[PDB]
Structure formats: structure tokens, C-alpha cells
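**Student:** Here's a structure for you.
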Amino acid sequence: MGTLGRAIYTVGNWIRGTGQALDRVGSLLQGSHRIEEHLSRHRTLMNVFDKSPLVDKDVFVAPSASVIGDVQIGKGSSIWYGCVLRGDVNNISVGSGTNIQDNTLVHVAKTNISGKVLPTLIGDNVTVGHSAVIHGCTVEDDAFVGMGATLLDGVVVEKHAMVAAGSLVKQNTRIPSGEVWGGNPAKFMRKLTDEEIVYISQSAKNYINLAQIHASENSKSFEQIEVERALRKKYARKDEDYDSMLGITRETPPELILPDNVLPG
Amino acid sequence: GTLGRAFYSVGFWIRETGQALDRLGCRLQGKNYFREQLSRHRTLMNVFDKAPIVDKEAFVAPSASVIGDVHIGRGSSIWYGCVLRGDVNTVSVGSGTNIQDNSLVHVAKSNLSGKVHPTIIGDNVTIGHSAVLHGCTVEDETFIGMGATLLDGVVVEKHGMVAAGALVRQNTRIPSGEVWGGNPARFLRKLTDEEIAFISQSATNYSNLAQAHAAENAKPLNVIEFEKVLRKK
Amino acid sequence: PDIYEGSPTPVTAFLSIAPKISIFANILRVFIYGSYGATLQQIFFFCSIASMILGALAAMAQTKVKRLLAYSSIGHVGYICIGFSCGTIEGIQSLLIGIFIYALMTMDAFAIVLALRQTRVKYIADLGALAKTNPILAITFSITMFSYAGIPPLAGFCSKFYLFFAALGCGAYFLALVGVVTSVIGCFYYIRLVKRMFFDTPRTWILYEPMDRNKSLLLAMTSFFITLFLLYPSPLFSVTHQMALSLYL
Amino acid sequence: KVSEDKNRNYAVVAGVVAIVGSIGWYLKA
Amino acid sequence: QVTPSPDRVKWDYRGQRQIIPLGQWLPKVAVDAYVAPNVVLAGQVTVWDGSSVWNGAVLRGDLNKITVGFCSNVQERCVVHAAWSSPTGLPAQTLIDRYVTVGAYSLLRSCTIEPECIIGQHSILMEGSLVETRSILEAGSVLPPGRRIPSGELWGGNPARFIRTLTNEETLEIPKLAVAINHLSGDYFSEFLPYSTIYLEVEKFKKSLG
Amino acid sequence: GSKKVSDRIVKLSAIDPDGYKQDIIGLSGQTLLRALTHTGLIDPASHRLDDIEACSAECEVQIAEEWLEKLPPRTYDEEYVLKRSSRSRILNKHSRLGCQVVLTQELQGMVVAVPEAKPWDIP
Ligand SMILES: CCCC(=O)SCCNC(=O)CCNC(=O)[C@H](O)C(C)(C)COP(=O)(O)OP(=O)(O)OC[C@H]1O[C@@H](n2cnc3c(N)ncnc32)[C@H](O)[C@@H]1OP(=O)(O)O
Ligand SMILES: CCCCCCCCCCCCCCCCCC(=O)O[C@@H](COC(=O)CCCCCCCCCCCCCCC)COP(=O)(O)OCC[N+](C)(C)C
Ligand SMILES: CCCCCCCCCCCCCCCCCC(=O)O[C@@H](COC(=O)CCCCCCCCCCCCCCC)COP(=O)(O)OCC[N+](C)(C)C
Ligand SMILES: CCCCCCCCCCCCCCCCCCCC(=O)O[C@H](COC(=O)CCCCCCCCCCCCCC)COP(=O)(O)OCCN
Ligand SMILES: COC1=C(OC)C(=O)C(C/C=C(\C)CC/C=C(\C)CC/C=C(/C)CC/C=C(\C)CCC=C(C)C)=C(C)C1=O
Ligand SMILES: [Fe+3]
Ligand SMILES: [Zn+2]
């Protein structure tokens, strides 16, 4: 503060002007070839055709996800990094406690080649694996869709049914309850054991828990990010022997401790 | 050329120095805002002089990655999450062509497996969601099913169709009017005339949908959201 | 060797250099400046030969880096004490030159060791594939090893050259034979490290964290000195001759 | 308008004094 | 009922953070590794010297560790994940060893890839699966849970099957491909200074709002 | 898929220094030390390579003679390392260096005793 503070601030202004001038000169020397980085224009939630996505309070939507148009997402659901939910020509509905994994595409159609064109309906407690493609089809509650699987228009995945990782499910195919289908084209592989039904449920609840920590981290402000960076650096290593000499016990701050429901045990 | 790269390199030295000077000036004023972790994603990215040339009438989603020498024609559209990387060779997209969400159009990263082929996409082409195109040619008015993979040297002739989830092996030629699918991709049947009509009309519909999404994205960034993010506690 | 290995590595680095300088100053000013004479030079003569032989053999036995460096230092103090033994102005000068060069080389070696302790380097075999995971670090460490071996024109060649100069100056041929044999043994166990970093293809690699600025700068300067000292060695030669003379005048 | 961290300002003055005094030390020697 | 929140962020001016810490789990990136700007690394992720992760990839270490080894590459739109446990009973971390080329659009979950392997584009490696050293998977391969690719072999298909045994020249080519991809990644690494100038844009955007 | 990890898995039991028996898992062709490090029975950081030149008997295990006959005999270097690493400088006849034991299908069901860990982290 005071006169010294003001003088140092003015000198900082001069230094900033000089630095930005040097940056401009360096840009000129590069032949202006470098496209400049800019403020991020990606919108996590966007309207189109006067349709606004309806997203429940406690839904993790990763900032890099794209939720566009007429999309409804229910309680406890999670949309992960790089997901695209494009509800522009038709409706997309996601039930409660359903996870849409990273880099997944969900889309709809305005008019199919033949039959009744239907919206994309994803039920409750559904797991959809990484990089899946869901197009104009219906996934009923407690179903599992493997990573990298493709569901074409009119496909119905029934309750407690599984689509294996990597499968290509042709248009209008029906996956009956209790069966697992896979391959390209997808076809019946075998019945689902009871332990696998329990797995599907477990998948869904584990995701519900994972979504909480990811949502908490992605929503932190600049100041909290800096505070936690400093705290993480301070507690990354230890000298418990010198602490015992000092007669103190350093405790990990609670903002660095994860909840027990996401820990391996 | 070599002189251009030398000046580009020297330019980086000057720029690095100027930005460091600016950070010093901010530090003297007690500002730490340069420490903020802000995304360095660029929708269009140059690799030295190899830069994307995009037509003014083409929609490119902000989250898409266009890297190096990539040409996009009028009325064409690059959708959300798409990646187009032409650095070792070029990638060209014709007019009225849609590249759907999460698709990947790239060339061989190295010439170890031989000369790196370019990727040529003709006019009024549909490239389905999450398709992979790797150093191939896709002629006008063809259909690439979503989730399909086309390897280098492949040629998809006009009105050809690649079924969803197909794996077209290296150097395979897809003849006109034919539907190929499966892993490996094989002849399935002939294309019907209704399918040709749907190819054209779906492409024209995508160009209109592109227009709508480009207008949506071009709207000014909301300042209320900015203030909400700034004033969080 | 036990103290050097068991102490914290910065302690080991500090003990490897400074006490030698201080105690050799003491030894010069006590014995050289005093007078019982040939008996004591014979003391240091026999201890020099024993130190060279034992250091060479024991270092050849070692599989761990710290113990290898400890035994290497024992051998080198044998080489240095040969200069004290011969009892001439050039002997004192050579002892001082050896101390200075050994100190700089030891500083280089322990800067590398401390850099590698961030990933808990312990065994010589832990250096495998270092020429792949950090090429300039593997070269720098190789220059240090070749300097330790005394390969010309690296700085380490001075101690070897004087060892044989005194062997033919004081008139001692058993000493020259011992120097030849121990120098060859030393070269073997020094180039074993270079072989481990450059020639071996282990199944499991250890990736090392890059060093901090302080150690990189110190390493850079000591590496230029080790490679380029013999291009301009005049200041050290003059200052060491000055010091040798100042003991009596 | 003003830098408020007093200790930072004092450190800035100390660095400036070191630089200028070093220049003067070289110049007058 | 779907009850929304008025305060949920629709547009985040910062974009997606590349480095997502999770408690004390902080992703570790070597100073000489290229990570594309829009990549997401979360939790227990280690990216070692000379490796590269390309546009649109996601590496999520929230259930187990993820490691990308020396001079290895994870290419565009790959997703690498891990689980608490594997059906085989072996530890379920995802280990991508040295000189490994993971083709674009590949999905990896709790798999091990031994040194000097090539994963074809659009491949899937499932829980507890193992790719032994000096092996090649063709594009579009699906490796089911706990399946193994024996060393020195070429495999492919959905599901993957033995095609042929590799020649020594072919297996010699694999680290060369990894090195060439690292050389290419150097060009991208040289385009980015240590800091961006976005904060200036944020500053003027703020000033225009008072 | 006609080639599974289950084809190479070797069932093993290890008795910890407290005496409790544990069922552990390792691959054929890999070392006993790796199998022991999978569950932390031996600290992986204490023995990072499978090489005799990087061994101070941190991998040492005790095996009964019924399984010792199914292993190759100890080499001279192995016995040297074991003897020098002994506190009493005595060679235990049932001691094996875990880094030198390669698992095979013939070692299914082998019982191994893991002694108390020796200090290994040199300052
Ligand atoms: C905590 C997180 C929870 C999550 O969200 S997990 C989501 C990410 N992970 C996934 O999506 C992977 C899901 N798992 C799969 O897809 C598995 O392939 C699936 C369907 C469980 C089958 O695995 P297994 O039971 O171990 O196979 P199986 O014993 O029934 O073998 C029968 C024959 O079928 C074949 N095969 C099985 N897996 C396949 C596949 N995905 N696709 C195609 N073909 C497959 C397999 O070759 C096997 O033998 P064969 O073909 O008759 O000779
Ligand atoms: C003749 C002497 C007696 C015999 C002893 C020989 C000892 C060496 C053994 C020879 C066999 C072959 C040795 C191969 C080494 C050559 C390769 C090499 O060292 O290249 C280094 C280069 O190492 C150096 O940095 C050497 C620097 C020494 C500087 C000495 C020159 C002093 C004046 C030059 C002024 C500046 C440059 C002027 C022009 C721009 C690259 O290091 P990396 O670990 O690969 O990567 C470094 C990281 N990065 C490239 C990103 C910066
Ligand atoms: C318009 C034409 C004028 C252009 C002038 C350009 C001149 C610039 C020349 C470059 C000088 C480089 C000096 C390098 C030292 C960096 C000083 C610094 O970083 O300032 C720091 C610390 O400053 C100091 O502690 C002492 C050094 C400051 C003295 C030199 C300041 C250089 C500009 C002079 C400004 C004062 C002039 C007016 C004084 C009344 C501010 O405090 P903190 O943010 O808490 O430091 C954090 C730690 N870290 C160092 C990593 C940033
Ligand atoms: C003779 C052969 C030829 C030699 C050629 C010599 C040529 C002159 C040397 C030119 C040097 C070029 C580099 C100059 C710019 C570097 C400036 C350093 C900036 C600095 O502040 O470094 C600080 C650390 O201190 C440091 O890192 C500096 C201390 C490093 C040790 C230097 C020696 C100090 C003790 C003297 C030992 C003498 C031994 C002799 C037996 C902070 O660095 P940071 O900001 O990156 O953060 C580090 C994280 N904590
Ligand atoms: C392999 O067979 C065996 C030996 O044989 C190498 C042995 O010894 C011993 C046991 C007996 C020993 C070790 C007594 C030797 C001890 C001595 C000489 C004490 C001195 C200590 C050291 C380290 C020797 C250093 C002294 C030297 C080199 C010379 C002295 C100084 C000058 C000439 C200046 C055993 C069991 C053995 O099984
Ligand atoms: Fe061992
Ligand atoms: Zn669609």
C-alpha cells in the first residue's frame, strides 16, 4: 500500500505493456501463421429449435459433454467426458441413476426409412459403456450396453438384457430379457446368470458414487482450485520422524480425502 | 520452408520472453489470474504453415478438432467431437458433406508402412457417427455407415454404401450401387433407388440442420453464466 | 565404505570431498614442514600401494553404486599419497592437482547420484537402458566414468600421468607395475557402468525423474571442466606450484 | 491501482537496490 | 420428477480442465510427453517420458491406476479406463508398457499390453485381458475379458483369433513405429508455449462487464 | 478365446511371517517374486528387477523339500547372495531367491514361506 505500492503498480503496468509488445513482435516474426488460442466457445447445455434440455439438479454433466436440444435427464444420472446427446430433430429421455460413459454418442431421427420413427428412450439404472452409439432406439430399465456397442434405429434392449462390447445391433432387433447378445451383426450368445444381473445393478450404483466426486471436482472455482493445488503439494510427501521430534501429527485435510464408497475396499 | 521455420522458432523465443515479462508485471501488481487452467483447445490448429482452410458457409462445431492442412467446402458440416488431422498428408472435404458427431478423419501418422495416403471426401457425402476414415477416398454421393472403419487405400465409388459398423480392409474398392458390411466388409446386396434418394435428401437435410446449429453456436456468450462462474463459492 | 553407504547420500557427498582437503592441508603442514623423514614417507608409500590394490579389487566386487564410489575414492587417495611419499615440490604439486580434480569429479558423480536418488537408484543394474530414457544424462555419466578411469584427454588423466611420472622419478618400478595393473582393473569396473547404460537390453526398465536446476547447472559446469580442462590447465598448475612453494617460503 | 502486499514491495525494493548497486559497483571499480 | 437447478453452468468460460485431480490422486505427466489440449486425464494416471496422448482421448483412473509407458502412444478418441478387480484375479490396473502403439478409437479397460505391441484402430481390450510382447492386433479386434494374445503373433476379428505368426522383421518394426509417432508428436509439442494467453481474453471480457 | 490368461495362472499358497496362509496367483513364465508382489506380500519397491545383480535377498523365500525337488538347483551366485544376506552368515537349506524361481504348471499348489522383510532402502 501507499506511495511505494502505487509506484510498483505503475512499473508493473509498464512491464506488462512491454511484454505484450514483445509478444506482438514475436507473432509478426512467425509470419502470423499461429492461430491464436481463444476463450472457450463450447456450451455444455445448448438450445436448438427453441428446445431446452431438462436436467435434474443432481446430475453430473461433464463440462466437455454436449447436451443439445430436447433432452431430459433424470435424478442421479451422469453424462461423462466427451459425450454428445443431440436432441435436435426428436426427443432424448434418460431415466434415473443411469450412466452414459465417456465419448458416447446419442442421437435421434426425424423420419426413419420405414415404420414409426421413435425417440431415444434410455431407462432407469442403465449402464451405457464408453464410446457407444445409441441411435433412435429404446433401452429399458436395468439393461447393460457394452463399451463400443452400436444400437441402430428401432432397436429395443429389454429389462435385464445385455449387449456385449463391440456389438453391432441391426435395425429393429429386439434383445429379450435375460440374454446377452454380441458380434457384428449382434446375435444371441447366452443367458445372463443371476450374478451378472447383480453386476449390472452394482455397475449402476458404483457410477452413481463416481459421478459425485467428478461433479464436485469439475465445479470448483479458480480460488478453490489454487487452494487445493497448494494443499496437495504440501501433503504429497511426509517426514513423520521430524514430526515426532516436534511432537505434532499432520492430518490430511478433508478436501483431499475421497468418500469411502469410491475407494477400492 | 526452412527459413520460415527458423523465423517461426525465433518468433517463439520472442513471444516466450514477452509473455514472461507480462507475468512479471502481473506479479508485481499481485495478480495470479495467469495461473488459471483454461482450455488450450483450438477448433482450427496449424502445424507451422499447414493450416485449415474452411469455407465461410461450413459449420464446424467448436469442440471439433481440425489440425493441419484440411479443406472444407461450402455447405459442409463438421459435427460435435469430430477430429480431422491432416499433417503428414492432406485431407479434403467437398461441398455439402456432413461429418457426423465423434467421427475421425485422419491420415497415417508415419510413412513407415509406405507413402502416406491423403483422405479425399467428395461432395454430398454422409459420414455416420463415430466412423473412422484413415487415408481413403470417398467419392460423391456415397454413404458411410456410422461406426464403420475405412483403412488406407480404400476407394468408395459414387453411390457406394458402407454399412454401419463395417470394417473395410486396406486397398478394398467398393463398387458403385453396392452395400458392403461386416468385419471384414463384403458385398451384401445392391443399392435400391429409394436409398439413393435418401442419400441425397439426408445430405440436404444435414446442410439445413448445420445452418440451424451454426446460428445457435454463433450467438453471443451469455454474461450471466460468466458472472455465475466468477462469483461461485 | 560402510559409513559412505549407510549415511544419507548428501552426507556421503559432503564426506567424500571436504575432509580430505582439510586433513591433507594438516598432513602437509605437520609432516612436510616437520622432520622425522624417510620413515613417514615409507608409511605413506606402503599405504598408497595397499590402498590402490584393495580399492581396485573391492570396487571390482561391488554391485551397488555408492560402495563402488567409496572404494574408488580409497584407490584414488592411494594415487594421491604417492605424491606425498616422493617428497619433492612436484610431488606436493601433483598431490594438490589430484585433490582438486578428484573433488570436481566426485562432485559431478554425486550430483548424478543425487539426481537418480529421486527414483531410489541402488544397484548398478538399475542404470539399464539409461542411454534410451535420458541420452544426455547417460553421456554425462559416461564422461565422469572415463575420467575416473583416467582416459585422456579427460581431466582424470593427470593423476595417472603423475603416478607413473613419480614411479620413474623416485625410481620405483614395483609401484609402476602396481599402477598399471590397478589402472586396468579400475578401467574395467568403470566401463562396466557404461556398458550397463548403453549396451544392455533389460526386460524391465527404471524411468528416472529429471533433475532439478541446481544439479543440472552444477553437472553442466563440471562436465565442461572434465572434458576441456587439459585445453587450458595453466591456472591450476600455477596455483598449485605457488601453494607447494608457500609451505617452506 | 496499488500493490498491497507490503513484504512483496519491500522485496521488490531490495532486488532493485541489489541490481542498481551492482551496476554502480562495476562502474566505480 | 426431473427438478432442475437454476444455478447449473450452461457455458463454462474455462472449458474442460485437462487435469482432473481426485482427492490426492493427481495425474502425472512427464515434461517431455505430449498431451493434446482437449484430452482429459483424471485420477491415477501416469504419462511417462516420450509418450503421447492425442485429441479427444480420455484416461480415467478413478477405480485403478492407468500407466502409459516410455515412448508409447494413445491415439485420437481412445478411452482408457480400469476397474477395481479383474475376473482373472490379477491386479486390475491398466498397464500400457513401452514402445506400444494404441491405434485411434481404441477402448481399453483393465488390460495389460506388454512392451513393443501394436493395437489396431477401433479395437477393444477388456478386463483382465493380456497382450504379450511383440504382438499385433488388427483393426477392429475385440478381445473378451481375460483373453490372451500370445507373444509373436498377429490376431484379429470380433472376437479376435489367431491369423499368423509374425516374422522377426515385422517384430523389429514395432518400436520403430512407436519412435516415429513420438517424432511426430514433437512437432505438436513445439506449438505450445508453457503458458497460454487466454487469461488476457478473460481479463478484457471481465473489464467489458465491470 | 482359445487363449486365456487362465491357461498361464499358477495356484500358489504363501505363509506370511505371522504364520497365516494366503492363496495367491501368478503367471507361468514369470518369477515367484512377481506373484508375491501382486498382493504386497513382498514390497515391489524393494525388488524392482528380476535380476540377480539387483538382489540383496529381499525376495528370499523358504520352501519345503517336496517343492524344492521340482525346482532347478540353486546356482553358486544364489547361495552367495543368500549366505551373505543371512544375519548369522549361515546358508538356509530351504531358502530360495524368489527372483530366481520361474513359475511353471508343475508348481501348482506349491507352499512358500515368506520371512520377515529385511531393511532395503539405503539412505
Ligand atoms: C464398474 C464398471 C462397470 C461398467 O460400467 S463396465 C462397462 C465397460 N466394459 C464392457 O462393456 C465389457 C462388457 N463385457 C463384454 O462385453 C463381454 O464380452 C461379455 C459379453 C461379458 C462376455 O464375456 P465372457 O462371459 O467372459 O465370454 P463367454 O465366456 O460367454 O464366451 C463365449 C464365446 O463368445 C465369444 N465372445 C465373448 N465376448 C465377446 C464379445 N464382446 N463379443 C463378441 N464375442 C465374444 C467368446 O469368443 C467366447 O468363445 P467362442 O467364441 O465360442 O469360441
Ligand atoms: C573426442 C573426445 C574423446 C573421446 C570421448 C567421447 C565421449 C562421447 C562418446 C562418443 C560416442 C557417441 C556419443 C553420442 C552423443 C551425441 C548425442 C548427444 O549427446 O546429443 C544430445 C545433445 O546434448 C547436449 O545438449 C550437448 C550440449 C553441449 C554443449 C556444448 C557446446 C558448447 C558451445 C555451443 C553453443 C551452443 C550451440 C551453438 C549453435 C546453436 C541430445 O540429448 P538428448 O538427451 O537426446 O536430448 C536433449 C533434450 N533436448 C534436445 C530437447 C534439448
Ligand atoms: C516500459 C519500459 C520499462 C520496461 C522494464 C522492463 C524491465 C524488466 C527486466 C526483467 C527483470 C527480471 C527480474 C527477474 C526477477 C523476478 C522478480 C519477481 O519475480 O518479482 C517477484 C519477487 O520479487 C522479489 O522478490 C525481488 C525481485 C524484484 C526486483 C526486480 C523486479 C524487476 C522489475 C523492477 C520493478 C521495481 C521497479 C520500481 C521499484 C520501486 C514478485 O513477488 P512474488 O510474486 O511474491 O514472487 C513469487 C516467486 N517468483 C519469484 C517465482 C515469482
Ligand atoms: C569450467 C568449465 C566451463 C564452465 C562454464 C561456466 C559458464 C558460466 C555458467 C553459465 C550459467 C548459465 C545459466 C545462467 C542462468 C541460470 C540462472 C539460475 C536462476 C535461478 O535462480 O536458479 C535458482 C536455483 O539456483 C540454482 O540452481 C543455481 C545454483 C546451482 C549450483 C551452482 C553453483 C553453486 C555453488 C558453487 C559450487 C562450486 C563447486 C566447485 C567445487 C532457482 O531455480 P528455479 O527457478 O528453476 O527453481 C528451482 C526449484 N527449486
Ligand atoms: C577366503 O579365505 C579366507 C581368508 O583369506 C582371505 C581369510 O582371511 C579368513 C579370515 C581371516 C581374516 C580376514 C584375517 C585378515 C585380516 C587382516 C589382515 C586385518 C587387516 C584388515 C584389512 C582389511 C587388510 C588391509 C591391510 C592391508 C592390505 C595391508 C596392511 C598395510 C600396509 C602394507 C601399508 C577367512 C575365514 C577365509 O576363509
Ligand atoms: Fe532377488
Ligand atoms: Zn444421427
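In the C-alpha cells, chains take letters A, B, ... by order of appearance, with residues numbered from 1 within each chain and ligands from 1 in the order shown.
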Which residues come within 10 Å of residue 232 in chain B, counting only C-alpha atoms, excluding same-chain residues fewer than 6 positions away, as a ChimeraX atom specification?

**Tutor:** /A:219-224 /E:7

**Student:** Go ahead and dump the residues you just picked, N, CA, C and O atoms, as a compact mmCIF listing (two decimals), in the first residue's frame.

**Tutor:**
```
# COMPACT_ATOMS: atom_id res chain seq x y z
N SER A 219 -16.75 -28.66 -10.72
CA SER A 219 -17.48 -27.43 -10.44
C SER A 219 -16.71 -26.46 -9.55
O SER A 219 -17.26 -25.42 -9.17
N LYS A 220 -15.46 -26.75 -9.21
CA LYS A 220 -14.70 -25.89 -8.31
C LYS A 220 -14.26 -24.61 -9.01
O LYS A 220 -13.96 -24.60 -10.21
N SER A 221 -14.24 -23.51 -8.25
CA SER A 221 -13.82 -22.22 -8.76
C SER A 221 -12.30 -22.13 -8.83
O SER A 221 -11.57 -23.00 -8.35
N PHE A 222 -11.82 -21.03 -9.43
CA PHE A 222 -10.38 -20.79 -9.55
C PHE A 222 -9.70 -20.77 -8.18
O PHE A 222 -8.65 -21.39 -7.99
N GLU A 223 -10.29 -20.05 -7.23
CA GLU A 223 -9.68 -19.91 -5.91
C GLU A 223 -9.56 -21.26 -5.21
O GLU A 223 -8.52 -21.57 -4.62
N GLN A 224 -10.62 -22.07 -5.25
CA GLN A 224 -10.57 -23.38 -4.62
C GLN A 224 -9.59 -24.31 -5.33
O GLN A 224 -8.91 -25.11 -4.68
N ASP E 7 -28.91 -22.83 -11.03
CA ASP E 7 -27.52 -22.41 -10.98
C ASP E 7 -26.57 -23.31 -11.76
O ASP E 7 -25.36 -23.07 -11.72
```

**Student:** Just list as a count of residues only whatever in chain D DSSP marks as alpha helix (DSSP H).

**Tutor:** 22

**Student:** Could you tell me which residues of chain E sit within 9 Å of chain A when counting only C-alpha atoms, and give me the result as number ranges by chain?

**Tutor:** E: 1-6, 8-17, 20-26, 38, 40, 42, 56-58, 62-64, 77-79, 81, 84-85, 105-107, 122-124, 126, 140-142, 144, 158-159, 191, 196-199, 201-202

**Student:** Select the residues contacting ligand 7 at a distance of at most 7 Å, based on only C-alpha atoms and all ligand atoms, then format the selection as a ChimeraX atom specification.

**Tutor:** /A:107-109,135 /B:129

**Student:** Find the distance between CA of residue 261 in chain A and CA of residue 201 in chain A and write it in Å to one decimal.

**Tutor:**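 Taking CA of residue 261 in chain A and CA of residue 201 in chain A, their separation equals 15.2 Å.
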
**Student:** One number please: CA of residue 78 in chain C to atom 3 (C, counted along the ligand's line) of ligand 5, in Å, one decimal.

**Tutor:**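 Spanning CA of residue 78 in chain C to atom 3 (C, counted along the ligand's line) of ligand 5 is a straight-line distance of 24.4 Å.
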
**Student:** Separation of CA of residue 32 in chain F and CA of residue 82 in chain E, in Å?

**Tutor:**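 It comes out at 25.4 Å.
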